[PDB]
Structures are given as structure tokens and as C-alpha cells.
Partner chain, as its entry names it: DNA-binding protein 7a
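A lone chain, given as C-alpha cells: the form solved without its partner chain.
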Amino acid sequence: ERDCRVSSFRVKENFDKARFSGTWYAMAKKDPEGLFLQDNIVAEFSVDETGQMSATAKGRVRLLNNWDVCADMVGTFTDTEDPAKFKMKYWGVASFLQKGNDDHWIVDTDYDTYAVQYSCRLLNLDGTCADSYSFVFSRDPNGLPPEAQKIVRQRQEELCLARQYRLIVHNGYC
């Protein structure tokens, strides 16, 4: 009875790019098909004077046949009419790293503690997502406080993803 249509999902009201800038540690991830970032995932958000948001990310990614590499990624965000919904062009500093262009939604944040991100790469014909991913970010790499954890869990359920996350470990691999 829950609505899982992507078009129904609420996102962060009056999203403030400047307040969102700085270091975000991925605490949990819902993987898309053909997952890329594995763990040790840390993102750095910036906004420039024209108000355009960009980011970098580092994380371990496992090329198949189990080659471990620390990916260094770059992302640039094109605004839409919703201040919390973006198009993210991304690529690796190395040519061979994955590149592409994903929807990037800030579903919720309080700027100084937690953030919930969401991307639907491909819709189902009923408006639900066929291929999604989602990061939960923390300002503190040791994790969220209980109050924020509980808010995030609610947001995870609203995205119809709450059963599908895994924890992201940080152990200095990069």
C-alpha cells in the first residue's frame, strides 16, 4: 500500500548547496546493478561562486577477477527546477574508471549530521525504479547519532529501500 513510484518521493525542501559542502562519509549503500563503489567511500562536496555544485569521491572498487583498486572519482551537478534534484555527470581521474550521468537526489539532510541520497537510473513501466542506488552519508566517520539514525531509517522505508542497504566499512584502505 506504500507508494513506491519515484515520482512520489519527497526530497529536501529548499536544499542549500553551501550548507551541504565539505566531507561526507558513506555509512551505508544500496547498490545498483553492476555496483562500482565497494567501501571506504568518502565524498567531498563543493559549490563555486556561480552556485554550481560539484564533488569528488574516493573508495575501493573491485574490478572483477578481484582486482582491488582505490577509485578517485569526480562529479559535476546540473541543477533542475527542484533544488534538491540534480543531474550528475561523473568520471574517474583515470580514463578506464566508470563514467556516466545519473540523477542525483538529496532526499533528506540536516547538513551537519546526516544525508540521504538517491538515484533512479531506470524506471519500471509502473513508475517504480528498476535500477536504483542510495547512499547514507555521515559527517562523523564513526556513524550517526541515534536520533539521526532513526530519521534515516524512515527515509529508507519511504524510498522502498529499507531492506536493501549494506554497511560501508572504513579501514584506511585508501
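Shifts are known only where both forms have a C-alpha. C-alpha atoms forming the largest set that superposes within 1.5 Å between two forms make up the rigid core. Residue numbers count along the first chain shown, from 1.
Here the subject shifts to the form deposited with its partner chain bound, a form of this protein not shown in this document.
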note = In this chain shown alone, the residue from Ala55, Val42, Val69, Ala28 with a heavy atom within 4.5 Å of its partner chain in the deposited complex is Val69
inquiry  = Since only the chain is shown here, I'm wondering whether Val61 would be in contact with its partner chain in the deposited complex (any heavy atom pair within 4.5 Å).
reply    = yes
ask   = Hey, in the deposited complex, is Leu97 touching its partner chain, heavy atoms inside 4.5 Å?
value = yes
ask   = Can any non-hydrogen atom of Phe36 be found within 4.5 angstroms of its partner chain in the deposited complex?
value = yes
ask   = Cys174: heavy atom within 4.5 Å of its partner chain in the deposited complex?
value = yes
request  = Sort through 28-36, 117-125, 102-110, 45-53 and report the only stretch with a non-hydrogen atom within 4.5 Å of its partner chain in the deposited complex.
outcome  = 28-36
key: Partner contacts for 112-135, taking its partner chain in the deposited complex and a 4.5 Å heavy atom cut-off   = none
Rigid core fit then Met88 CA moved by 2 Å or more between this form and the one not shown = no
message = With both forms fitted on the core, check whether the Cα of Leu125 differs by 2 Å or more between this form and the one not shown.
response = no
message = After a rigid core superposition, would you say the CA of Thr50 moves by 2 angstroms or more between this form and the one not shown, or not?
response = no
remark   = Relative to the shown structure, Cα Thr56 and Cα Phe96 in the deposited complex (3 Å or more change) are closer
message = So the CA-CA distance for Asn40 and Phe96 moves by at least 3 angstroms in the deposited complex. Closer or farther than here?
response = closer
query = What runs of three or more residues stand out between this form and the one not shown, with each Cα shifted 2 Å or more once the rigid core is matched?
reply = 63-67, 94-97
